[PDB]
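Here the structure is laid out as structure tokens; the discussion comes afterwards.
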Number of protein chains: 2
Amino acid sequence: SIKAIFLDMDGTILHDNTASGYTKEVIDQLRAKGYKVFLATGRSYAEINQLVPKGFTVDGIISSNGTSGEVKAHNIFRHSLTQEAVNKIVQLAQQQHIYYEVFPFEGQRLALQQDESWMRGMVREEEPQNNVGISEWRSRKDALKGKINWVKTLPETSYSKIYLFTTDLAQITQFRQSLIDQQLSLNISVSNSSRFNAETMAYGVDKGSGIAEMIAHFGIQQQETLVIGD
Amino acid sequence: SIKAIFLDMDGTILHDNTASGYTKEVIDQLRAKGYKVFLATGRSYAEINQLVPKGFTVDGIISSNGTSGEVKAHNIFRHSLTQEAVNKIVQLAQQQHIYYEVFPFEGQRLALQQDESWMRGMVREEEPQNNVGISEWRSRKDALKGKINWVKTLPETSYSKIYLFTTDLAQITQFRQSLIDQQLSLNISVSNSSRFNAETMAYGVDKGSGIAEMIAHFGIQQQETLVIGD
């Protein structure tokens with residue numbers, strides 16, 4: 001029987017959205033009935049906190065794709081890339097003109113200002129290019145419009161992940177494989193959501209590991225946990 | 001251990017609403033995991049069916065506030081007032097200028113043309129009157145704008161419920177009591193959602209009885225059922 005429920009979402013349904021009320025109400029009910037209820041999100045803790053309505057409460061949140069966990073506004077884990085890994089991955093990307101976004105745990109995603117013009121160049125067109133999906137194309141255009149902090153030099157801070165993209169399929173296939181080849185040297189796990197991308201996070205860390213860490217904190221077993229949503 | 005989940009809602013969450021998709025998706029997942037998932041609604045089966053997005057699927061629906069149950073587009077119970085009760089309640093309401101809406105299981109709620117003048121007059125003001133809540137006031141104005149079928153004579157059809165309203169507190173208090181007083185003679189149960197209203201349905205019938213009938217249809221027990229939502 002279930003003691004923990006995880007809801008995976010991007011937060012948007014908690015805002016303006018007339019369903020935020022219903023979702024908040026359902027979570028309150030579940031919690032009142034004795035369930036521990038958790039959010040899982042790819043968004044950062046700060047972002048998800050900004051989106052949710054006033055009074056919205058869960059027993060915990062795993063954010064940044066399983067790399068962070070928060071309970072009563074206290075961090076219980078924060079799994080970072082090494083600074084050395086970040087620097088090497090960004091170096092390789094730049095050298096190959098692979099569009100990249102570096103995600104800190106706090107603040108905007110970022111990229112080096114010296115790479116701004118070729119990154120903007122790569123998604124210049126309004127229509128998606130070279131078989132890239134509508135959704136990923138729009139996401140890149142939206143990110144270039146106002147979500148990237150263009151920095152002169154990479155900040156020294158804890159880093160959740162790096163996203164890598166290009167419209168050149170052969171190039172990204174090869175680059176993704178080069179990261180896989182270095183999984184154990186850089187201590188990273190490599191994932192991808194399209195054939196045009198890759199993401200690198202700390203080795204062995206993902207939404208699943210985040211869920212395991214969160215339920216372990218509450219003394220709940222995997223077979224007592226229900227995971228639903230995105 | 002839970003085998004059945006009932007979601008209580010008015011349907012609108014499933015409409016253009018970018019939450020419609022998430023809700024459908026969550027229901028698909030729960031059903032794929034082996035739960036029986038049901039809707040419970042105050043709307044009619046026909047209304048709720050045209051609100052939901054395409055491909056939306058549940059194991060059953062209880063509608064019209066527990067008075068109708070549907071499984072695979074077939075009716076499994078349809079609990080009606082008597083024609084005699086409907087006629088009597090309407091007569092009493094008319095005599096006392098208690099605003100009324102008679103709800104068939106199919107088609108628009110209805111009221112008699114001969115009563116249109118004083119029904120519309122009662123809620124003519126844009127400002128809520130006599131302490132009536134904003135919500136209930138707006139509901140009455142919305143109903144009068146285009147949700148009522150004004151008939152010369154009441155159709156002979158199965159009827160789910162009668163809603164009763166007035167801005168005269170003393171009058172609805174007494175009228176509500178009069179219906180309670182006749183609960184066993186008319187074979188009705190009386191509920192109310194504000195001090196300005198009353199609703200009459202078949203004796204013993206409500207959302208709870210509909211839930212009970214629906215889970216018994218699937219051989220699931222009450223303690224195996226989770227009920228969340230409105």
Side-chain angles (χ1 to χ4, degrees), chain A residues 8-20 41-44 46-48 50-51 63-65 86 89-104 107-152 154-155 159-179 190-201 229-230, chain B residues 14-25 53-55:
Chain A
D8 188 311
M9 50 168 66
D10 65 14
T12 59
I13 67 92
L14 292 162
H15 216 182
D16 194 352
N17 183 209
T18 22
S20 80
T41 185
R43 300 284 172 80
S44 74
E47 295 175 309
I48 197 75
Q50 289 180 67
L51 288 163
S63 58
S64 297
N65 270 352
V86 168
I89 293 162
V90 164
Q91 170 176 40
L92 291 171
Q94 296 185 305
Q95 283 169 347
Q96 288 176 53
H97 278 205
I98 314 277
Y99 172 120
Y100 64 97
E101 297 164 0
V102 191
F103 289 73
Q108 293 183 296
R109 74 196 75 179
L110 59 85
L112 288 158
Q113 200 280 324
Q114 67 199 74
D115 297 320
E116 180 178 3
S117 64
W118 68 261
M119 277 173 56
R120 292 177 175 287
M122 186 185 291
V123 296
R124 199 163 314 264
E125 299 85 355
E126 185 72 5
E127 292 292 337
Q129 293 305 291
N130 289 9
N131 308 317
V132 174
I134 294 163
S135 175
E136 189 168 25
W137 196 253
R138 290 182 175 173
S139 293
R140 304 282 55 71
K141 294 182 73 68
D142 284 352
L144 294 166
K145 199 208 323 297
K147 302 182 186 175
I148 299 175
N149 173 22
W150 302 101
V151 296
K152 287 179 302 185
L154 297 178
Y159 282 113
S160 181
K161 73 170 186 190
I162 301 172
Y163 163 90
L164 294 313
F165 172 78
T166 170
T167 57
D168 173 339
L169 176 66
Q171 183 162 33
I172 183 65
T173 303
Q174 275 181 120
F175 191 78
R176 185 191 308 115
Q177 185 62 47
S178 166
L179 295 170
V190 184
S191 65
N192 68 290
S193 60
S194 83
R195 301 298 305 170
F196 303 99
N197 76 32
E199 296 193 5
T200 65
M201 306 199 311
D230 308 341
Chain B
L14 291 151
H15 198 249
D16 185 285
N17 205 312
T18 79
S20 163
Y22 189 71
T23 305
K24 177 207 188 264
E25 289 259 42
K54 207 187 205 184

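Letters A, B, ... mirror the listed sequences (proteins, then strands); counts begin at 1.
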Would you check, one step at a time, whether the test side-chain hydrogen bond (donor to acceptor under 3.5 Å, both in side chains) holds for A:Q171 with A:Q174? CA-CA 5 Å; A:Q171 183 162 33; A:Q174 275 181 120; over 6 Å; no
Let's go through A:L164 and A:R176 carefully: what are the C-alpha distance in whole Å and the side-chain angles of both, what is the deciding distance for side chain to side chain contact (heavy atoms under 4.5 Å, CB included) to 0.1 Å, and is it a yes or a no? CA-CA 8 Å; A:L164 294 313; A:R176 185 191 308 115; over 6 Å; no
For the pair A:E136 (side chain) and A:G133 (backbone), establish whether a donor and an acceptor sit closer than 3.5 Å, ignoring hydrogens and angles. no
Let me see the working for A:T12 and A:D10 under side-chain hydrogen bond (donor to acceptor under 3.5 Å, both in side chains), right down to the final yes or no. CA-CA 6 Å; A:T12 59; A:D10 65 14; 2.7 Å; yes
Derivation and outcome, side chain to side chain contact (heavy atoms under 4.5 Å, CB included), residues A:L51 and A:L14: CA-CA 6 Å; A:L51 288 163; A:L14 292 162; 5.5 Å; no
Nearest atoms (heavy-atom pairs only) where A:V132 meets A:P128: O-CB, 3.4 Å
Taking CD in A:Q95 as the centre, count heavy atoms belonging to other residues, nucleotides or ligands within less than 6.0 Å. Is the count above 12? yes
How close do A:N149 and A:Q108 get, counting heavy atoms only, and between which atoms? CB-OE1, 3.5 Å
Checking A:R195 side chain against A:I172 main chain: does a donor-acceptor pair fall under 3.5 Å? no
Side chain to side chain contact (heavy atoms under 4.5 Å, CB included) partner of A:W137, the single match among A:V123, A:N130, A:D142: A:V123
Flag if over 12 foreign heavy atoms under 6.0 Å of CD, A:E126: no
Find the distance between CE (A:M119) and CZ (A:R124) and round it off to the nearest 0.5 Å. 12.5 Å
A:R109 side chain vs A:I148 backbone, donor-acceptor pair below 3.5 Å: no
Check for a donor-acceptor pair, side chain of A:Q129 on one end and backbone N or O of A:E127 on the other, with a separation under 3.5 Å. yes
Donor-acceptor check, side chain of A:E101 to backbone of A:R140, threshold 3.5 angstrom: yes or no? no
Nearest heavy atoms of A:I48 and A:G11, plus distance in Å: CD1-CA, 3.6 Å
Any donor-acceptor pair under 3.5 Å linking the side chain of A:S63 with the backbone of A:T41? no
Nearest heavy-atom approach of A:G121 to A:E125 is O-OE1, 4.5 Å
Could you label the plane-to-plane angle of the A:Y100 and A:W118 rings as parallel, tilted or perpendicular, counting under 30° as parallel and over 60° as perpendicular? tilted
What I want to check is whether the side chains of A:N197 and A:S194 have a donor and an acceptor closer together than 3.5 Å. yes
